[PDB]
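As provided, protein.cif (mmCIF, C-alpha atoms and all ligand atoms) reads as follows.
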```cif
data_data
#
loop_
_atom_site.label_atom_id
_atom_site.label_comp_id
_atom_site.auth_asym_id
_atom_site.auth_seq_id
_atom_site.Cartn_x
_atom_site.Cartn_y
_atom_site.Cartn_z
CA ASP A 11 68.96 106.53 -96.64
CA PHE A 12 72.82 106.46 -97.17
CA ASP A 13 74.72 105.81 -100.47
CA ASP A 14 77.55 103.77 -98.83
CA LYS A 15 79.50 103.01 -95.53
CA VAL A 16 82.93 104.17 -94.21
CA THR A 17 84.40 102.25 -91.20
CA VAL A 18 86.69 104.09 -88.73
CA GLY A 19 88.79 102.50 -85.95
CA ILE A 20 88.39 103.03 -82.20
CA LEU A 21 91.23 101.75 -80.05
CA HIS A 22 91.06 102.15 -76.22
CA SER A 23 91.60 100.19 -72.95
CA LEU A 24 88.32 98.44 -72.04
CA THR A 25 90.20 96.04 -69.69
CA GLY A 26 93.01 96.53 -67.13
CA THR A 27 94.14 99.49 -65.02
CA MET A 28 93.34 102.19 -67.69
CA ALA A 29 89.69 100.96 -68.30
CA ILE A 30 88.51 103.30 -65.43
CA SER A 31 89.47 106.24 -67.74
CA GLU A 32 89.30 105.00 -71.38
CA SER A 33 85.96 103.00 -71.38
CA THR A 34 83.80 106.21 -71.45
CA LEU A 35 85.81 107.55 -74.49
CA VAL A 36 84.46 104.68 -76.72
CA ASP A 37 80.86 105.67 -75.67
CA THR A 38 81.60 109.40 -76.40
CA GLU A 39 83.13 108.64 -79.85
CA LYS A 40 80.05 106.45 -80.59
CA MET A 41 77.77 109.35 -79.55
CA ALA A 42 79.52 111.74 -82.09
CA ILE A 43 79.20 109.01 -84.79
CA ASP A 44 75.44 108.48 -84.04
CA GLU A 45 74.79 112.30 -84.11
CA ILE A 46 76.61 112.59 -87.50
CA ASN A 47 74.72 109.56 -88.96
CA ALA A 48 71.35 111.02 -87.68
CA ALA A 49 72.21 114.40 -89.41
CA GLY A 50 72.72 112.56 -92.78
CA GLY A 51 76.29 111.17 -92.55
CA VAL A 52 79.50 112.40 -94.22
CA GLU A 53 79.27 113.83 -97.78
CA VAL A 54 82.12 113.00 -100.27
CA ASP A 55 81.83 113.57 -104.11
CA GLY A 56 78.04 114.19 -103.76
CA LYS A 57 77.37 110.87 -101.89
CA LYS A 58 76.26 110.35 -98.22
CA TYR A 59 78.37 107.86 -96.18
CA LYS A 60 77.21 106.21 -92.96
CA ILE A 61 80.04 106.08 -90.37
CA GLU A 62 80.51 102.54 -89.00
CA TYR A 63 83.21 101.62 -86.46
CA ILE A 64 85.45 98.78 -85.27
CA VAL A 65 86.35 98.90 -81.53
CA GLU A 66 89.62 97.19 -80.48
CA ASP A 67 90.60 96.71 -76.79
CA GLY A 68 94.16 98.05 -76.15
CA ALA A 69 93.87 96.17 -72.77
CA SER A 70 96.03 98.71 -70.84
CA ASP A 71 98.98 97.06 -72.74
CA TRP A 72 101.32 99.05 -75.06
CA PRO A 73 102.35 96.18 -77.39
CA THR A 74 98.60 95.39 -77.79
CA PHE A 75 97.97 99.05 -78.88
CA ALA A 76 100.71 98.58 -81.62
CA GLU A 77 99.32 95.18 -82.83
CA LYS A 78 95.66 96.43 -82.98
CA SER A 79 96.89 99.55 -84.88
CA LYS A 80 98.52 97.26 -87.53
CA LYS A 81 95.21 95.31 -87.73
CA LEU A 82 92.98 98.47 -88.13
CA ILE A 83 95.37 100.11 -90.69
CA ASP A 84 96.24 97.03 -92.85
CA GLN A 85 93.39 94.48 -92.37
CA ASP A 86 90.35 96.79 -91.87
CA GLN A 87 91.87 99.70 -93.97
CA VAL A 88 90.17 102.34 -91.77
CA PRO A 89 90.88 105.94 -92.86
CA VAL A 90 91.45 107.10 -89.22
CA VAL A 91 91.99 105.46 -85.79
CA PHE A 92 90.54 107.32 -82.77
CA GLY A 93 92.50 106.10 -79.73
CA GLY A 94 95.13 106.00 -77.00
CA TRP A 95 95.40 107.49 -73.54
CA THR A 96 98.80 106.81 -71.97
CA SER A 97 101.75 108.50 -73.65
CA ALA A 98 103.28 104.93 -73.38
CA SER A 99 100.47 103.57 -75.64
CA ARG A 100 100.98 106.53 -78.07
CA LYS A 101 104.82 106.11 -78.14
CA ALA A 102 104.30 102.34 -78.92
CA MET A 103 101.79 103.28 -81.72
CA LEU A 104 103.80 106.21 -83.20
CA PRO A 105 106.24 104.07 -85.29
CA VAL A 106 103.28 102.02 -86.73
CA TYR A 107 101.37 105.18 -87.90
CA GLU A 108 104.62 106.83 -89.20
CA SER A 109 106.04 103.69 -91.00
CA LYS A 110 102.67 103.03 -92.82
CA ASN A 111 102.08 106.85 -93.30
CA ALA A 112 98.68 106.41 -91.56
CA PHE A 113 96.52 108.51 -89.15
CA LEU A 114 95.96 108.32 -85.37
CA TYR A 115 93.70 110.92 -83.68
CA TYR A 116 94.78 111.07 -79.98
CA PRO A 117 92.57 112.96 -77.47
CA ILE A 118 94.39 112.92 -74.12
CA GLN A 119 96.22 115.71 -72.21
CA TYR A 120 99.98 114.96 -72.44
CA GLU A 121 103.59 116.19 -72.07
CA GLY A 122 104.02 117.49 -75.68
CA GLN A 123 107.71 117.22 -76.86
CA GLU A 124 106.22 115.50 -79.99
CA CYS A 125 104.77 116.59 -83.39
CA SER A 126 104.09 113.49 -85.57
CA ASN A 127 102.98 114.12 -89.19
CA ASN A 128 100.75 110.99 -88.66
CA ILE A 129 99.06 112.10 -85.35
CA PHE A 130 96.52 114.83 -84.55
CA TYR A 131 96.00 115.85 -80.87
CA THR A 132 92.92 117.33 -79.08
CA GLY A 133 94.37 116.94 -75.54
CA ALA A 134 96.06 119.87 -73.69
CA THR A 135 99.77 120.45 -74.11
CA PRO A 136 101.55 121.58 -70.89
CA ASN A 137 101.00 125.34 -71.73
CA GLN A 138 97.20 124.52 -71.86
CA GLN A 139 97.25 122.57 -68.50
CA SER A 140 100.28 122.07 -66.19
CA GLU A 141 101.93 125.51 -66.77
CA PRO A 142 98.84 127.54 -65.75
CA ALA A 143 98.12 124.95 -62.99
CA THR A 144 101.64 125.32 -61.49
CA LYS A 145 101.32 129.14 -61.46
CA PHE A 146 97.81 128.97 -59.85
CA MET A 147 98.91 126.48 -57.12
CA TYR A 148 102.08 128.55 -56.29
CA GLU A 149 100.33 132.04 -56.41
CA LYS A 150 96.56 131.58 -55.72
CA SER A 151 95.81 128.23 -53.94
CA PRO A 152 95.61 128.15 -50.11
CA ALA A 153 99.11 126.52 -50.26
CA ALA A 154 100.48 129.52 -52.25
CA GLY A 155 104.24 129.92 -51.60
CA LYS A 156 104.63 126.41 -50.12
CA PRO A 157 106.75 123.61 -51.62
CA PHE A 158 105.56 121.02 -54.22
CA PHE A 159 105.70 117.21 -53.94
CA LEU A 160 105.38 115.33 -57.28
CA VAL A 161 103.67 111.89 -57.45
CA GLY A 162 103.09 110.02 -60.74
CA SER A 163 103.04 106.72 -62.67
CA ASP A 164 106.47 105.42 -63.86
CA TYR A 165 106.32 106.25 -67.63
CA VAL A 166 107.08 109.08 -70.09
CA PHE A 167 104.00 111.38 -69.43
CA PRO A 168 104.56 111.88 -65.65
CA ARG A 169 108.41 112.02 -65.92
CA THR A 170 108.28 114.61 -68.73
CA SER A 171 105.44 116.62 -67.07
CA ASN A 172 107.42 116.80 -63.80
CA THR A 173 110.66 117.88 -65.64
CA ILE A 174 108.63 120.86 -67.07
CA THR A 175 107.03 121.60 -63.64
CA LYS A 176 110.55 121.60 -62.00
CA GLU A 177 111.95 124.08 -64.59
CA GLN A 178 108.80 126.27 -64.30
CA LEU A 179 108.67 126.33 -60.49
CA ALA A 180 112.49 127.07 -60.41
CA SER A 181 111.80 130.16 -62.62
CA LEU A 182 108.87 131.19 -60.27
CA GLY A 183 111.26 130.77 -57.23
CA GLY A 184 109.40 127.76 -55.72
CA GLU A 185 110.81 124.48 -54.36
CA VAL A 186 110.25 120.74 -55.11
CA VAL A 187 110.75 118.62 -51.90
CA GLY A 188 109.67 115.22 -53.32
CA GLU A 189 109.37 113.32 -56.60
CA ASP A 190 108.21 109.64 -56.49
CA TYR A 191 106.87 107.27 -59.25
CA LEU A 192 104.77 104.12 -58.82
CA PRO A 193 104.59 101.41 -61.49
CA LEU A 194 101.29 101.78 -63.41
CA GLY A 195 98.48 99.98 -61.49
CA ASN A 196 100.57 99.79 -58.24
CA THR A 197 98.39 100.50 -55.11
CA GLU A 198 101.11 100.56 -52.36
CA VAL A 199 101.06 104.29 -51.50
CA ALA A 200 102.17 104.07 -47.80
CA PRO A 201 105.93 104.74 -48.40
CA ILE A 202 105.10 107.87 -50.49
CA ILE A 203 102.63 109.08 -47.74
CA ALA A 204 105.56 108.83 -45.19
CA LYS A 205 107.79 110.89 -47.58
CA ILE A 206 104.97 113.57 -47.96
CA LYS A 207 104.56 113.90 -44.15
CA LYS A 208 108.37 114.35 -43.75
CA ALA A 209 108.83 116.80 -46.73
CA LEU A 210 105.55 118.86 -46.14
CA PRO A 211 105.11 118.94 -42.35
CA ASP A 212 103.08 122.24 -42.63
CA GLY A 213 100.99 121.30 -45.71
CA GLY A 214 101.66 122.22 -49.34
CA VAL A 215 101.05 121.23 -52.97
CA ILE A 216 100.98 117.70 -54.42
CA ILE A 217 101.12 117.37 -58.24
CA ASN A 218 99.35 114.10 -59.17
CA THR A 219 100.30 112.57 -62.60
CA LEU A 220 99.00 109.08 -61.59
CA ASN A 221 97.09 107.50 -64.50
CA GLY A 222 94.34 104.86 -64.28
CA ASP A 223 92.84 103.00 -61.36
CA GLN A 224 95.81 103.37 -58.92
CA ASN A 225 94.19 106.84 -58.37
CA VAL A 226 91.44 105.01 -56.33
CA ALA A 227 94.01 103.79 -53.74
CA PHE A 228 95.90 107.11 -53.84
CA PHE A 229 92.93 109.37 -52.87
CA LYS A 230 91.53 106.88 -50.29
CA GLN A 231 94.95 106.31 -48.64
CA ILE A 232 95.96 110.05 -48.44
CA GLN A 233 92.64 110.95 -46.76
CA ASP A 234 93.00 108.14 -44.15
CA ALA A 235 96.58 109.46 -43.46
CA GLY A 236 95.26 113.06 -42.83
CA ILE A 237 96.79 114.45 -46.09
CA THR A 238 93.62 116.55 -46.64
CA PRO A 239 92.68 120.13 -47.64
CA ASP A 240 91.57 120.88 -43.97
CA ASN A 241 95.19 119.98 -42.90
CA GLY A 242 96.63 122.23 -45.66
CA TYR A 243 97.43 119.56 -48.35
CA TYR A 244 96.11 120.32 -51.89
CA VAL A 245 96.39 117.92 -54.88
CA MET A 246 96.35 119.24 -58.47
CA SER A 247 95.63 116.25 -60.81
CA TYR A 248 96.23 116.21 -64.63
CA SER A 249 95.00 112.65 -65.59
CA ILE A 250 91.58 112.26 -63.84
CA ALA A 251 88.36 114.32 -63.97
CA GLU A 252 84.59 113.96 -63.39
CA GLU A 253 84.31 110.34 -64.73
CA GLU A 254 87.04 108.83 -62.47
CA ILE A 255 85.83 111.00 -59.56
CA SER A 256 82.37 109.32 -60.00
CA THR A 257 84.05 105.89 -59.65
CA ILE A 258 86.32 106.86 -56.67
CA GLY A 259 83.70 108.89 -54.76
CA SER A 260 83.72 112.71 -54.52
CA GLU A 261 84.09 112.47 -50.67
CA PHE A 262 87.80 111.61 -51.44
CA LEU A 263 88.39 114.51 -53.93
CA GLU A 264 86.43 117.48 -52.47
CA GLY A 265 88.75 120.52 -52.14
CA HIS A 266 91.46 119.20 -54.54
CA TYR A 267 92.08 120.75 -57.99
CA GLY A 268 92.24 120.09 -61.70
CA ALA A 269 93.27 121.96 -64.85
CA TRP A 270 91.41 121.15 -68.05
CA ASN A 271 90.03 122.78 -71.24
CA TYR A 272 86.47 121.33 -70.74
CA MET A 273 84.66 120.90 -67.40
CA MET A 274 81.04 119.59 -67.06
CA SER A 275 80.17 122.71 -64.93
CA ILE A 276 80.77 125.19 -67.87
CA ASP A 277 77.50 127.27 -67.92
CA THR A 278 76.88 127.50 -71.74
CA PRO A 279 74.20 126.00 -74.03
CA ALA A 280 77.00 123.98 -75.79
CA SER A 281 78.24 122.41 -72.50
CA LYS A 282 74.69 121.75 -71.14
CA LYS A 283 73.67 120.13 -74.48
CA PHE A 284 76.74 117.79 -74.53
CA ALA A 285 76.06 116.65 -70.92
CA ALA A 286 72.25 116.26 -71.50
CA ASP A 287 72.80 114.23 -74.76
CA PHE A 288 75.39 111.93 -73.09
CA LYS A 289 73.02 111.18 -70.14
CA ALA A 290 70.01 110.71 -72.51
CA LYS A 291 72.13 108.12 -74.46
CA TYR A 292 73.98 106.23 -71.62
CA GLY A 293 72.16 107.10 -68.33
CA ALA A 294 71.49 109.85 -65.76
CA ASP A 295 74.52 108.70 -63.67
CA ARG A 296 77.01 109.40 -66.52
CA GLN A 297 79.41 112.35 -66.31
CA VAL A 298 81.16 114.20 -69.16
CA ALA A 299 84.70 115.62 -68.74
CA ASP A 300 87.73 116.85 -70.75
CA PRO A 301 88.96 113.43 -72.04
CA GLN A 302 85.43 112.74 -73.41
CA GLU A 303 85.04 116.30 -74.86
CA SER A 304 88.51 115.87 -76.50
CA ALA A 305 87.40 112.52 -78.01
CA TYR A 306 84.04 113.96 -79.19
CA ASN A 307 85.77 116.88 -80.97
CA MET A 308 88.18 114.46 -82.80
CA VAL A 309 85.23 112.82 -84.60
CA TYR A 310 83.67 116.15 -85.65
CA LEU A 311 87.04 117.66 -86.74
CA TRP A 312 87.72 114.50 -88.83
CA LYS A 313 84.23 114.73 -90.42
CA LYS A 314 84.72 118.48 -91.27
CA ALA A 315 88.20 117.75 -92.78
CA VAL A 316 86.81 114.81 -94.95
CA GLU A 317 84.01 117.08 -96.28
CA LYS A 318 86.55 119.86 -97.11
CA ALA A 319 89.04 117.27 -98.66
CA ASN A 320 86.21 115.44 -100.52
CA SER A 321 88.22 112.27 -99.67
CA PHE A 322 88.61 109.70 -96.86
CA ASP A 323 92.31 109.14 -97.84
CA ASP A 324 94.21 110.10 -94.62
CA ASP A 325 97.08 111.60 -96.78
CA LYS A 326 94.62 114.34 -97.98
CA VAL A 327 92.52 114.56 -94.77
CA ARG A 328 95.70 115.20 -92.65
CA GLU A 329 96.68 118.02 -95.09
CA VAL A 330 93.21 119.74 -94.95
CA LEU A 331 92.55 119.21 -91.16
CA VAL A 332 94.99 122.07 -90.25
CA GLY A 333 92.80 125.20 -89.82
CA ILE A 334 89.45 123.34 -89.27
CA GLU A 335 87.39 125.11 -86.50
CA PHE A 336 84.54 123.66 -84.36
CA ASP A 337 82.01 125.12 -81.88
CA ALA A 338 82.85 122.43 -79.29
CA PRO A 339 81.30 121.90 -75.84
CA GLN A 340 84.25 123.83 -74.23
CA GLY A 341 83.95 126.80 -76.62
CA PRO A 342 85.65 127.45 -80.00
CA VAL A 343 88.57 125.10 -80.96
CA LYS A 344 90.91 125.24 -83.99
CA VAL A 345 93.39 122.73 -85.40
CA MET A 346 96.85 124.36 -85.55
CA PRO A 347 99.81 123.88 -88.00
CA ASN A 348 101.43 121.69 -85.27
CA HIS A 349 98.39 119.24 -85.42
CA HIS A 350 97.32 120.29 -81.84
CA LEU A 351 94.16 122.20 -80.77
CA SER A 352 93.78 125.85 -79.62
CA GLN A 353 91.66 125.53 -76.46
CA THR A 354 90.42 127.59 -73.48
CA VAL A 355 92.17 126.87 -70.13
CA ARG A 356 90.22 126.35 -66.86
CA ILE A 357 91.36 125.79 -63.21
CA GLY A 358 88.74 124.04 -61.06
CA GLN A 359 88.29 122.99 -57.42
CA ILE A 360 86.38 119.72 -56.87
CA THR A 361 83.01 120.17 -55.01
CA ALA A 362 81.16 117.71 -52.68
CA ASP A 363 79.19 116.36 -55.73
CA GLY A 364 82.34 115.66 -57.91
CA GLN A 365 81.99 118.72 -60.27
CA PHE A 366 84.58 121.53 -60.71
CA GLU A 367 83.92 125.01 -59.35
CA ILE A 368 85.74 126.99 -62.10
CA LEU A 369 88.12 129.47 -60.32
CA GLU A 370 90.32 130.74 -63.21
CA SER A 371 89.83 130.72 -67.02
CA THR A 372 91.62 132.32 -70.01
CA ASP A 373 89.54 135.03 -71.82
CA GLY A 374 89.71 132.79 -74.92
CA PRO A 375 91.53 129.88 -76.50
CA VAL A 376 95.34 129.41 -75.96
CA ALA A 377 97.58 128.26 -78.87
CA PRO A 378 99.20 124.83 -78.03
CA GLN A 379 103.02 124.68 -77.68
CA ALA A 380 104.05 121.15 -78.83
CA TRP A 381 107.68 121.99 -78.01
CA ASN A 382 107.83 123.11 -74.40
CA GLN A 383 109.16 126.64 -73.76
CA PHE A 384 110.43 125.88 -70.16
CA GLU A 385 112.41 122.66 -70.96
CA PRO A 386 115.97 123.59 -72.20
CA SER A 387 116.13 121.01 -75.11
CA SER A 388 112.81 122.32 -76.68
CA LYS A 389 113.02 126.11 -75.82
CA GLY A 390 112.81 128.19 -79.10
CA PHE A 391 111.61 125.25 -81.28
CA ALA A 392 108.17 124.99 -83.01
CA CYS A 393 106.36 122.53 -85.33
CA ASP A 394 104.56 123.57 -88.58
CA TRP A 395 103.47 120.73 -90.94
CA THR A 396 102.12 123.25 -93.56
CA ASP A 397 105.63 124.51 -94.60
CA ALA A 398 108.27 122.10 -96.11
CA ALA A 399 111.05 124.47 -94.72
CA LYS A 400 109.68 123.94 -91.13
CA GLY A 401 108.19 120.50 -90.26
CA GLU A 402 108.46 118.50 -87.01
CA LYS A 403 110.92 120.74 -85.11
CA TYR A 404 112.60 123.99 -86.36
CA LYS A 405 114.19 127.04 -84.50
CA CA B 1 85.59 96.63 -69.11
CA CA B 2 98.03 106.96 -95.68
CA CA B 3 90.93 118.81 -75.31
CA CA B 4 85.70 120.11 -44.55
CA CA B 5 104.94 124.15 -81.40
#
```
Output the file's structure in the form of structure tokens.
Ligand SMILES: [Ca+2]
Ligand SMILES: [Ca+2]
Ligand SMILES: [Ca+2]
Ligand SMILES: [Ca+2]
Ligand SMILES: [Ca+2]
Amino acid sequence: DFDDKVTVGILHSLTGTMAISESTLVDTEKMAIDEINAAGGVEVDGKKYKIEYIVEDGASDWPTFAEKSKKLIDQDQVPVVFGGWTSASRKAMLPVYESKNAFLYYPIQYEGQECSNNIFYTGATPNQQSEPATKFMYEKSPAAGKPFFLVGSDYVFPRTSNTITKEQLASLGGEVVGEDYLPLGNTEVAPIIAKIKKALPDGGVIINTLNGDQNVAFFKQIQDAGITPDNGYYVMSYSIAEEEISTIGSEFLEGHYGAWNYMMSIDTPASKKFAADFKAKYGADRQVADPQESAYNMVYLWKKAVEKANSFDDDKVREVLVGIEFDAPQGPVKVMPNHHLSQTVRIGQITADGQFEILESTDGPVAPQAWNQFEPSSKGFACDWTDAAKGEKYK
């Protein structure tokens, strides 16, 4: 059957405000592991290893993400941890993975402005998400030319994302008329609705960087207040997709937008097979979306790197993972010298049944910019972990 076992770590929020988003990632990672095990496992030095896993609950709590990371690295001695969602959770974890010279694989869309030697990324950087989204909302949406109002959670991802949006929209000649943050999990949206009505009396663009289940209150409250597509108000969201939409109800999201690398509505054999397999394993009701596709790819990229390294030692796997390619559900993906993923970019409008109608797509994959080329501190910097004269951040 198999010669031996390897145990990997899985670390995600199964409780608290982020469980709405992260719970389905554990199921997707498990599906990649079960597919790999059914195909014969991972081959190292002529021997077939079964992939086993340990799942730790990060509990929507950043200090918990750091403590569970110490446990998986030092107690369980896993060769990789698949995990994280919030940039807060990842920033709390980063010093653990760096100080122990370990390996986190992180799948979620984020702000960039980071290039850890101890982290690989499958989530969009801003040039693979928010930069094309900003341009599409300002030039092509029904609110083209109108001002932007920024709403997000009070932590590093939304604050950094919105800094980049402000520089970009300034360069396009657009205007920001509002920027408000809610504490993560906070459901009191009424004061921000009053600010939107005063700043955008004739409709416009709302950039949503809310993370986790406060999104439920946000979409329900804005609709009840008449901040709707029919009244000329369009939301572009970066941190929810088909799974969360299924929990909230598509009646609340129809006509709003998203920007992702994978969407369940991609009409390819690879996309249809991923969605069919997920539903066959976990139920007909179950969606797939970008966060899940990102998490799925992590497990297959890791497995391809191990087989090329002929080692589970993360020191060697991290070296060899740069340049690994995969025929993913979204299309072809490639791990770059900056530890991020070249990915295809899609703009979608949410339909009555909670799918994206794909309106804009790149002809092929876009190279990720870890260091943002709109933000003044990062302009002209890159990351390249393959060259000792380059590293984390060089001109
Ligand atoms: Ca739960
Ligand atoms: Ca190590
Ligand atoms: Ca991705
Ligand atoms: Ca309508
Ligand atoms: Ca870069």
task = Please tell me which residues are no farther than 12 Å from (80.0, 121.8, -69.5) in the file, counting all atoms listed in the file, and write them as a PyMOL selection string.
result = chain A and resi 252+270-288+297-300+302-303+338-341+356+365-368
Save out the residues we just selected, C-alpha atoms, as a tab-separated table (two decimals), in the coordinates of the input.
```
chain	number	residue	atom	x	y	z
A	252	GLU	CA	84.59	113.96	-63.39
A	270	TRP	CA	91.41	121.15	-68.05
A	271	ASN	CA	90.03	122.78	-71.24
A	272	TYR	CA	86.47	121.33	-70.74
A	273	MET	CA	84.66	120.90	-67.40
A	274	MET	CA	81.04	119.59	-67.06
A	275	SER	CA	80.17	122.71	-64.93
A	276	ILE	CA	80.77	125.19	-67.87
A	277	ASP	CA	77.50	127.27	-67.92
A	278	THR	CA	76.88	127.50	-71.74
A	279	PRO	CA	74.20	126.00	-74.03
A	280	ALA	CA	77.00	123.98	-75.79
A	281	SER	CA	78.24	122.41	-72.50
A	282	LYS	CA	74.69	121.75	-71.14
A	283	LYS	CA	73.67	120.13	-74.48
A	284	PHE	CA	76.74	117.79	-74.53
A	285	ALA	CA	76.06	116.65	-70.92
A	286	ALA	CA	72.25	116.26	-71.50
A	287	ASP	CA	72.80	114.23	-74.76
A	288	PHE	CA	75.39	111.93	-73.09
A	297	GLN	CA	79.41	112.35	-66.31
A	298	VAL	CA	81.16	114.20	-69.16
A	299	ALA	CA	84.70	115.62	-68.74
A	300	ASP	CA	87.73	116.85	-70.75
A	302	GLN	CA	85.43	112.74	-73.41
A	303	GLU	CA	85.04	116.30	-74.86
A	338	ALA	CA	82.85	122.43	-79.29
A	339	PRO	CA	81.30	121.90	-75.84
A	340	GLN	CA	84.25	123.83	-74.23
A	341	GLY	CA	83.95	126.80	-76.62
A	356	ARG	CA	90.22	126.35	-66.86
A	365	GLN	CA	81.99	118.72	-60.27
A	366	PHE	CA	84.58	121.53	-60.71
A	367	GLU	CA	83.92	125.01	-59.35
A	368	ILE	CA	85.74	126.99	-62.10
```
Would you list the contacts of residue 52 (chain A) as an mmCIF file with C-alpha atoms, in the frame of the given file, taking every protein, DNA or RNA residue within 8 Å and counting only C-alpha atoms, but skipping same-chain residues closer than 2 positions in sequence?
```cif
data_model
loop_
_atom_site.group_PDB
_atom_site.id
_atom_site.type_symbol
_atom_site.label_atom_id
_atom_site.label_comp_id
_atom_site.auth_asym_id
_atom_site.auth_seq_id
_atom_site.Cartn_x
_atom_site.Cartn_y
_atom_site.Cartn_z
ATOM 1 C CA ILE A 46 76.610 112.590 -87.500
ATOM 2 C CA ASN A 47 74.720 109.560 -88.960
ATOM 3 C CA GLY A 50 72.720 112.560 -92.780
ATOM 4 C CA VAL A 54 82.120 113.000 -100.270
ATOM 5 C CA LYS A 58 76.260 110.350 -98.220
ATOM 6 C CA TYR A 59 78.370 107.860 -96.180
ATOM 7 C CA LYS A 60 77.210 106.210 -92.960
ATOM 8 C CA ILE A 61 80.040 106.080 -90.370
ATOM 9 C CA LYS A 313 84.230 114.730 -90.420
ATOM 10 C CA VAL A 316 86.810 114.810 -94.950
ATOM 11 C CA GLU A 317 84.010 117.080 -96.280
#
```
Polymer residues at most 7 Å from (93.2, 110.6, -74.8) by all atoms listed in the file, as a list in words =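 The residues that fall inside the cut-off are residues 93, 94, 95, 116, 117, 118, 119, 133, 301 and 305 of chain A.
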key: Selected residue, from A:393, A:248, A:96, A:26, that lies nearest to ligand CA 1 (chain B) when counting only C-alpha atoms and all ligand atoms   =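 Nearest to ligand CA 1 (chain B): A:26.
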task = Please give me, as a ChimeraX atom specification, the residues lying within 10 Å of ligand CA 1 (chain B) when counting all atoms listed in the file.
result = /A:23-30,32-33,67,69
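Distance check against ligand CA 4 (chain B) using all atoms listed in the file: of A:396, A:380, A:371, A:263, the minimum falls on A:263.
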message = One number please: CA of residue 219 (chain A) to CA of residue 267 (chain A), in Å, one decimal.
response =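 Going from CA of residue 219 (chain A) over to CA of residue 267 (chain A) covers 12.5 Å.
Nearest residue to ligand CA 2 (chain B) among A:110, A:344, A:389, A:205 is A:110, counting only C-alpha atoms and all ligand atoms.
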task = Measuring atom to atom with all atoms listed in the file, identify which of A:41, A:235, A:200, A:399 is nearest to residue 289 (chain A).
result =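 Once distances to residue 289 (chain A) are computed over all atoms listed in the file, the minimum belongs to A:41.
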Taking only C-alpha atoms and all ligand atoms into account, which residues are within 9 Å of ligand CA 5 (chain B), as a short mmCIF file (atom, residue, chain, number, x, y, z; two decimals) with C-alpha atoms, keeping the file's coordinate frame?
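File result-v8.cif, as written:
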```cif
data_model
loop_
_atom_site.label_atom_id
_atom_site.label_comp_id
_atom_site.auth_asym_id
_atom_site.auth_seq_id
_atom_site.Cartn_x
_atom_site.Cartn_y
_atom_site.Cartn_z
CA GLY A 122 104.02 117.49 -75.68
CA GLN A 123 107.71 117.22 -76.86
CA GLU A 124 106.22 115.50 -79.99
CA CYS A 125 104.77 116.59 -83.39
CA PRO A 347 99.81 123.88 -88.00
CA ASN A 348 101.43 121.69 -85.27
CA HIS A 350 97.32 120.29 -81.84
CA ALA A 377 97.58 128.26 -78.87
CA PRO A 378 99.20 124.83 -78.03
CA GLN A 379 103.02 124.68 -77.68
CA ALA A 380 104.05 121.15 -78.83
CA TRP A 381 107.68 121.99 -78.01
CA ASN A 382 107.83 123.11 -74.40
CA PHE A 391 111.61 125.25 -81.28
CA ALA A 392 108.17 124.99 -83.01
CA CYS A 393 106.36 122.53 -85.33
CA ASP A 394 104.56 123.57 -88.58
CA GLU A 402 108.46 118.50 -87.01
CA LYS A 403 110.92 120.74 -85.11
#
```
ask   = Of the residues A:103, A:98, A:187, A:65, which is the one nearest to residue 165 (chain A), using all atoms listed in the file?
value = A:98
ask   = Which is closest to ligand CA 4 (chain B) among A:324, A:240, A:373, A:329, if we use only C-alpha atoms and all ligand atoms?
value =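 The answer is A:240, which sits nearest to ligand CA 4 (chain B).
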inquiry  = At a cut-off of 6 Å, using all atoms listed in the file, what residues contact residue 160 (chain A)? Leave out same-chain residues fewer than 6 positions from it and give the result as an MDAnalysis selection string.
reply    = chainID A and resid 188:189 216:217
message = What residues of the protein or nucleic acid chains come within 10 Å of ligand CA 4 (chain B) when you use only C-alpha atoms and all ligand atoms? Reply as an MDAnalysis selection string.
response = chainID A and resid 238:241 261 264:265 362
Check every protein, DNA and RNA residue against ligand CA 2 (chain B), keep those with an atom at most 9 Å away (counting all atoms listed in the file), and present them as a CSV table (one decimal) with C-alpha atoms, in the frame of the given file.
```
chain,number,residue,atom,x,y,z
A,83,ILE,CA,95.4,100.1,-90.7
A,89,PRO,CA,90.9,105.9,-92.9
A,107,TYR,CA,101.4,105.2,-87.9
A,110,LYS,CA,102.7,103.0,-92.8
A,111,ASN,CA,102.1,106.8,-93.3
A,112,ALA,CA,98.7,106.4,-91.6
A,113,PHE,CA,96.5,108.5,-89.2
A,128,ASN,CA,100.8,111.0,-88.7
A,323,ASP,CA,92.3,109.1,-97.8
A,324,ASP,CA,94.2,110.1,-94.6
A,325,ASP,CA,97.1,111.6,-96.8
A,326,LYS,CA,94.6,114.3,-98.0
```
query = Which value, in Å to one decimal, gives the distance between CA of residue 211 (chain A) and CA of residue 230 (chain A)?
reply =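 Calculated distance between CA of residue 211 (chain A) and CA of residue 230 (chain A) is 19.8 Å.
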request  = Take CA of residue 210 (chain A) and CA of residue 243 (chain A) and report the distance between them in Å, one decimal.
outcome  =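 Answer for the CA of residue 210 (chain A) to CA of residue 243 (chain A) separation: 8.4 Å.
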message = For residue 129 (chain A), find every residue with an atom within 6 Å (counting all atoms listed in the file), except residues of its own chain fewer than 3 positions away, and show them as a list in words.
response =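 Those residues are residues 113, 114, 115 and 126 of chain A.
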key: Neighbour list for residue 152 (chain A) as a PyMOL selection string, cut-off 9 Å, all atoms listed in the file, skip fewer than 4 positions in-chain   = chain A and resi 147-148+214+239+242-244
